[PDB]
Amino acid sequence: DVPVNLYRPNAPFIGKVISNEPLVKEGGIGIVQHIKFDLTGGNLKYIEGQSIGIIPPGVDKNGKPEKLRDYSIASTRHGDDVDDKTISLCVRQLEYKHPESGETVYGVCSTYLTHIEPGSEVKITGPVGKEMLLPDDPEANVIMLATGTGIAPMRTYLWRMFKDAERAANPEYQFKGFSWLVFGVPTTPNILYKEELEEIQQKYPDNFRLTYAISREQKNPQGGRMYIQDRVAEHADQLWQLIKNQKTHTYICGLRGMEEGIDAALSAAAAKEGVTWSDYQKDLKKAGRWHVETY
Ligand SMILES: Cc1cc2nc3c(=O)[nH]c(=O)nc-3n(C[C@H](O)[C@H](O)[C@H](O)COP(=O)(O)OP(=O)(O)OC[C@H]3O[C@@H](n4cnc5c(N)ncnc54)[C@H](O)[C@@H]3O)c2cc1C
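Letter by letter, the sequence shown follows residues 146 to 440 of full-length UniProt numbering.
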């Protein structure tokens, strides 16, 4: 039922870019693009929580072809237009430091993708992933802990849950549980999909809670910058109570290293009731209720 490896690196699907939109508003930090591809002409199917591979053009420094990079799918199974013809990605351009040979370094695949033109052909493989899948139980609670481009799988869940067109397209899934996104970004113009996230929250104030951790605008109790582990510590007892429900699924996505501050906060909460969090969490992973994808 879960499509996997419909296309592989030795014979990739050749899609076409339909659009390439900026997500970072003026005054923000960096470049994050929303890129939509045309899937017509092939049989690429996917569901929510999966990834695809992109094979960038060119050779490395040794003259060898560039390998694929993985990207979380940022659209539901139906695509943004709910026509089952497209797939979207949420791609940040990577760039960095002088302690790494010379001046500024730009990432190969992320630069390629963020500057790609409509009409261009792209090599796509996949889909892959069974770790970040959404339960078909419409009464599930869904906690979502994302930083930056980790919003991508969260967007596929929330759109499936709350978009009018999706609800009309998925008769089997009419969500009536509770979902909570805690979203860590550096500035307000860096809140990816801010307007659509806040529109969901106003239509479904009982089913969706939105919490931001904006580090350049908010300070934590110790006077430091507000990060997502600070918000999670702030709400640790509430999050723990929701996690005790047999229906609750937790998803964590973003850059590696966000997991340690989340566990330290949930450990202190669980300890209050004599529960050892690290042992409890192993049973949650075994049960398929604890989903992690950091990179
Ligand atoms: C499952 C999965 C899902 C992903 N989803 C997404 C997504 O939705 N959106 C997205 O933008 N990315 C996503 N990523 C990362 C994406 O995989 C590519 O790794 C990332 O875009 C950078 O690739 P690059 O090709 O731009 O190239 P590269 O040119 O390959 O650069 C990466 C290399 O440069 C180095 N490097 C990186 N940062 C620094 C730093 N600050 N200081 C020093 N050296 C550094 C490391 O050696 C690293 O191997 C995902 C990764 C995985 C594994």
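Where a beta carbon is used, it is the ideal one built from N, C-alpha and C, also for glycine.
(message) Rounded to whole angstroms, what is the Cα-Cα separation between residue 396 and residue 230?
(response) 27 Å
(message) If you follow the beta strand (DSSP E) that residue 406 is in, where does it begin and where does it stop?
(response) That residue, residue 406, is in no beta strand (DSSP E); its alpha helix (DSSP H) goes 404-416.
(request) Mark residue 336 as exposed unless 16 or more other C-beta atoms lie within 10 angstroms of its C-beta, in which case mark it buried. (result) buried
(request) Specify whether the segment 255-273 and the segment 147-154 touch according to this definition: at least 3 beta carbon pairs, one from each stretch, less than 8 Å apart. (result) yes
(message) For a test of the three-state rule: what should DSSP assign to residue 217, helix, strand or coil?
(response) strand
(message) Shorter than 6 Å, the distance from the beta carbon of residue 252 to the closest heavy atom of ligand 1, or not?
(response) yes
(message) Helix, strand or coil, according to DSSP, for residue 307 in the structure here?
(response) helix
(request) Could you tell me if residue 183 is buried or exposed, where buried requires 16 or more neighbouring beta carbons within 10 angstroms of its beta carbon? (result) buried
(request) Quick one: give me the first and last residue of the beta strand (DSSP E) that residue 425 is part of. (result) Here residue 425 belongs to no beta strand (DSSP E); instead the alpha helix (DSSP H) covers 422-431.
(request) Measure the C-alpha to C-alpha separation of residue 321 and residue 249 and round it to an integer number of angstroms. (result) 48 Å
(message) Quick check on DSSP: helix, strand or coil for residue 335?
(response) helix
(message) For residue 324, which residues in the same chain have their Cβ closer than 8 Å to its Cβ, ignoring the five residues on either side in sequence?
(response) 286, 287, 288, 289, 302, 303, 306, 352, 353, 354
(request) May I ask which residues mark the beginning and end of the alpha helix (DSSP H) holding residue 375? (result) 373-379
(message) Using a Cβ-Cβ cutoff of less than 6 Å, which residues in the same chain neighbour residue 163 once the five nearest sequence positions on both sides are dropped?
(response) 181, 183
(request) List the residues that DSSP assigns as beta-bridge partners of residue 269. (result) 158, 199
(request) State buried or exposed for residue 247, treating a residue as buried only when at least 16 other CB atoms are found within 10 Å of its CB. (result) exposed
(request) Could you tell me the distance, in whole angstroms, from the CA atom of residue 356 to the CA atom of residue 156? (result) 42 Å
(request) With DSSP as the reference, label residue 222 as helix, strand or coil. (result) coil
(request) Consult DSSP for residue 255 and reduce its assignment to one of helix, strand or coil. (result) helix
(request) Excluding the 5 residues preceding and the 5 following residue 219 in the sequence, name in chain order all residues of the same chain whose CB lies nearer than 6 Å to its CB. (result) 233, 234, 235, 297, 300
(message) Can you determine whether any heavy atom of ligand 1 sits closer than 6 Å to the C-beta of residue 446, and answer yes or no?
(response) No statement about residue 446 is possible, as the shown extent of the chain runs from 146 to 440 and does not include it.
(message) For ligand 1, I want to know if residue 245 counts as a neighbour, meaning its beta carbon is within less than 6 Å of at least one of the ligand's heavy atoms.
(response) yes
(message) Let me confirm a value: residue 207 is counted as buried when at least 16 other C-beta atoms fall within 10 Å, else exposed. Which label applies?
(response) exposed
(message) Just to confirm the assignment, what range does the beta strand (DSSP E) spanning residue 181 have?
(response) 177-183
(request) Quick one: grab the DSSP three-state call for residue 249. (result) coil
(message) Under DSSP, the beta strand (DSSP E) around residue 286 begins and ends at which residues?
(response) 286-292
(message) Using a Cβ-based criterion (distance less than 6 Å to any ligand heavy atom), does residue 259 qualify as near ligand 1?
(response) no
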